[PDB]
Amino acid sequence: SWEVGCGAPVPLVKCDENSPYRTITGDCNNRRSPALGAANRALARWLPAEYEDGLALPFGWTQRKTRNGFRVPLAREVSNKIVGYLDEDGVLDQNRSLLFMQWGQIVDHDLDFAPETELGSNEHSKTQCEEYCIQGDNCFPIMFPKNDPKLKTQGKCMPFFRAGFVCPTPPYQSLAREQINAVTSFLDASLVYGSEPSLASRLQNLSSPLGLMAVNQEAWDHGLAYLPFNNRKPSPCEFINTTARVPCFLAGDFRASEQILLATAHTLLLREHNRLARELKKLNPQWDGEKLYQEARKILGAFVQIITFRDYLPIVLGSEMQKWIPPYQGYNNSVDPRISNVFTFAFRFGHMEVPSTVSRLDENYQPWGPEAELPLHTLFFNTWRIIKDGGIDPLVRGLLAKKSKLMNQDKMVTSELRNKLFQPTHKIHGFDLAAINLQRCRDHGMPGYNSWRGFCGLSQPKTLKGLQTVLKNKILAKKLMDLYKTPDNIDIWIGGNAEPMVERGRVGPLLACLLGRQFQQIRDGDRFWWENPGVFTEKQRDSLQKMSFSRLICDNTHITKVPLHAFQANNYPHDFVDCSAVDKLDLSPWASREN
């Protein structure tokens, strides 16, 4: 008895069987268990959920119920005390480009999305929550502590709505509350193509048999494409500058316009698909609209996989890479490919990697204009700066020439995210990503820090002094202990990120284990992994290994001067070579001799 059945409210169809292409929803990857890894199903639970009432209510909800004998500290107070800092000087990662951060967010968005609860196409709930901070039903407000500046100017709380959950919607019961993953668990470029058949089609250009994705018709970038605008009104990207009135972009994933540099990455990817389809039609004139689409799509998925596993992961995991992701040995049908609930919090390490400004660079990589460098907070949901202020190139050069923020125990998340975050629903630039992440841990029913330490076979400190040794920091450990009273209560997000970094990596031991495990699984459990014998031909594989993020830029923008290794810190002009010197993807193994 597993309650095993609930496969209700989720989209279902029938398995093409022997079809050489992924489904849009991720169904039919695993043959014996077709829904494994599919969009719109519960996040997997590596450990049982820990809720206040065993079942659904998050810790902190009832002001008199403790966690292990103690009150859990307010999310925003953990924010003020531990996460914040004032001095941006000295914070840059000396050996990671701004693209390091940016790629993490692309990968993250391909793997997981736990959307908020609605129950309001119009309702006094999406206003009884913001207006009066009344806790109730899915309103779980972030209360301001005594002495928080935002009291004086903003109000009593920050509104926060609980994440969606499987089986039904309305008030629910029985089992413990399981959050939804609205995206496919496979590294499959679902952020470009969509996770629903509904959206996947909208995204496509079905006016012509060329297998192209829809492109914006109102605006161009030197004869290069943009993403289509979104139908949706109200539009937050419009609300950001009512004079300019530029809507958000329409991509395979809904978060695409969250910040300008993410919209930039999205548009590079769309551009690549269309390029692939054209080139492909040249070699194979007989091919379908659909065949063009799927074949370009499959190449792109292979790209996202290769860069992620070859270029990106080795420099997050560092020396722990070998211990968690051993060399590939083939598809294993017994490996569970689903994204775990804790992964969506472990992968939030990238929040501590966001710097406070974004730069635009000209063709010599010099400050583009008099306002080249901008505070990150003016760029949330900002599309007008792309369309009406130089297009994509000045913004991509910044990604190569500037650095990520480095995680630092005394300087965690920049005030740009910690004080001035803009939420697409509400109206001010006054939210706090750090406090939200913490509130969300509780919302998702996360075991505490020592549960995960235990899970990863690592020591579980019980005392101040134990915590000082693990964190290798007396002061940090003291603050944590004063807010939390015992390490068993430390929220996973703040606990995992407070750990010193492993050698040659950018996360600590606990994070390396959680991430490493997840990635091993999503590679080993993927029937369509690129190296899986029979998915691509040997000659096709040889062609795919030559792919690089540098090339992507050469083929898709008017940048002519790029680094070879784009994720490490690169200085212009020494570290920058001409595009000619950069290996090209050879599409000739994709030829199809008729007779």
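All residue numbers are counted from 1 along the displayed sequence.
Higher mean CA B-factor, judged across 93-101 and 174-182 from the recorded values: 174-182. When the two stretches 430-438 and 158-166 are set side by side, the higher mean Cα temperature factor goes to 158-166. In the deposited coordinates, the residue among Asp87, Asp108, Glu196, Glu371 with the greatest CA B-factor is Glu371. Across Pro314, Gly495, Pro234, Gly454, the entry's maximum B-factor at the CA atom is seen for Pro234. Ranked by C-alpha B-factor against the other modelled residues of its chain, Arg45 falls in the lowest third. Among the modelled residues of the chain, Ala38 sits in the lowest third by CA temperature factor in this PDB entry.
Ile134 sits in the highest third of its chain by CA B factor, as recorded in the PDB entry. Ranked by C-alpha B-factor against the other modelled residues of its chain, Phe422 falls in the middle third. Among the modelled residues of the chain, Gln518 sits in the lowest third by CA temperature factor in this PDB entry.
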